[PDB]
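Quick heads-up: it's one chain on its own, the form deposited in one PDB entry, in structure tokens.
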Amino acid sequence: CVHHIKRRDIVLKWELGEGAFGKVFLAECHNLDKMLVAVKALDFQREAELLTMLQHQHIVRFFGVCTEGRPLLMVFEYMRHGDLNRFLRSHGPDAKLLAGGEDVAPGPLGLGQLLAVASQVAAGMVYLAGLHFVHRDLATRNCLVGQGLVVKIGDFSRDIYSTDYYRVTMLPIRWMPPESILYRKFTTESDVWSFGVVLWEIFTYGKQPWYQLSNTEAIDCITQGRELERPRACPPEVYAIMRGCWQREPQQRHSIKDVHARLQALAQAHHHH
């Protein structure tokens, strides 16, 4: 089902960044005549199958693979502003004094932009839950930002701090509910919990959840029922949505459809203000 692209049709331009299990290049792709794309260089067939199967406005567009020798390539649409975690951090309260001279309006993202970012990640999660698909690793580091604040889920691995994953098989324990940490029970309800944690990342401008703690201390705090504090930039109504995602019992957590509807209502009420 995965579309195969000829190596000759892929012209690598320059590296955009590099992660753990691969590199990311800006490239030009022919016969897709001349298109600007992002190429990830390294199961490969299973991850490619998933990206082929998924098709939504808030899931990164996938064009196919190149298995003509080595290295294995994955072709995606180019998302200009990169990963959402770095985007949040570089557009936070300390965006002006740290940004470059050419950078357009350096400063923190306003409430309207934070809600639009949150609403687009939720739209992608609504699509995944409708297909009974469990992501298992939802976090801003796995999201991408394109021109005009277009936000999409881009991956189904890399990290900002090495502490994002815990060796139990690497688990993103800071994003996980107690049933996932304790029994590896992954469901659309464990994904809604991770979405509540993504909301916390958005409203802290990309801070690591439980940053003050080591992964073993975070496991203890999470399983004991400790809740992440309300971020300074988070309105009380957004924190109430986070708490709805964080109900201890998986079946008591708000559905992603209701979370999305509430984020969309708040975003619409703030558009003209």
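Just count from 1 along the sequence shown to find any residue number. Heads up, when I say rigid core I mean the largest set of C-alphas that superpose within 1.5 Å between the two forms.
Below, we turn to the form deposited in another entry, even though it does not appear here.
- Core-superposed comparison between this form and the one not shown: the CA of residue 68 exceeds or equals a 2 Å shift.
- Once both forms are overlaid on the rigid core, the distance between the two CA positions of residue 162 between this form and the one not shown is 2 angstroms or more.
- Core-aligned CA deviation for residue 258 between this form and the one not shown: less than 2 Å.
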